[PDB]
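Only one chain is given next, in structure tokens, and it is the form deposited in one PDB entry.
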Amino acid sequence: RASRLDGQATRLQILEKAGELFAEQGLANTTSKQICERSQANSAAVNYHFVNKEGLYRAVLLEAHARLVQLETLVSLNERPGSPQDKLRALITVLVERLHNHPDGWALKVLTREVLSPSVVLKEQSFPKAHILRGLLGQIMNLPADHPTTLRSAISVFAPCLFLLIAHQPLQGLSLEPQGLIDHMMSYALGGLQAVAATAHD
């Protein structure tokens, strides 16, 4: 709807649309005009709440952090009983659902893009330590959650999803459809995990 310039509805609307824009196009490529256009807000509203494009981006990074931790909290707590495989499938499903047309997508794309490249610079305290993934991977391979094979497997499993979140137009035109992507990732992951667990147990 129409909201007072100084209110929190206007601040949130600007924050979220600039989140989407920044997740698409990075900081440097995005303009004041593009932010105002997508947010449907005057430059006065933007400046009132965020001072400038850099202040807005820093707000976006803070909110993205909060939303990543909310999703980490929601995953740890909504853990349905099941096989380690079915849990890994549910975790991968959460990620794949956030790749296209998801309200939380922009938080993940902004943060993963910032974790690859820096710029308060993103070099502070701790983040989510992928506790639930490493736990699942260790159970699937029967190795401790901080066994070296488990740490490497974490990269082998999440890196493709991270890659898909931030790819722009590198993608020979294969379909976005989540089921075929989830089934590939599960079959591939269980094949690779089984192989490296065998080596680690030899």
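From 1 onward, residues are counted along the sequence shown. In this text, rigid core is short for the largest set of C-alphas that superpose within 1.5 Å between two forms.
Although not depicted, the form deposited in another entry is the subject of the following passage.
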Listed 41, 154, 141, 161; moving between the shown form and the other one by 2 Å or more at the CA after core fit is just 41
Determine, after fitting the two forms on their core, whether residue 108 shows a C-alpha shift of 2 Å or more between the shown form and the other one.
yes
Does residue 97 move appreciably between the shown form and the other one, meaning a CA displacement of 2 Å or more on the superposed rigid core?
no
With both forms fitted on the core, check whether the Cα of residue 85 differs by 2 Å or more between the shown form and the other one.
no
Quick one: in that other deposited form, is the Cα gap between residue 105 and residue 95 smaller or bigger than here? Answer closer or farther; it shifts by 3 Å or more.
farther
Residue 166 and residue 30, C-alpha gap in that other deposited form relative to this structure (3 Å or more)
farther
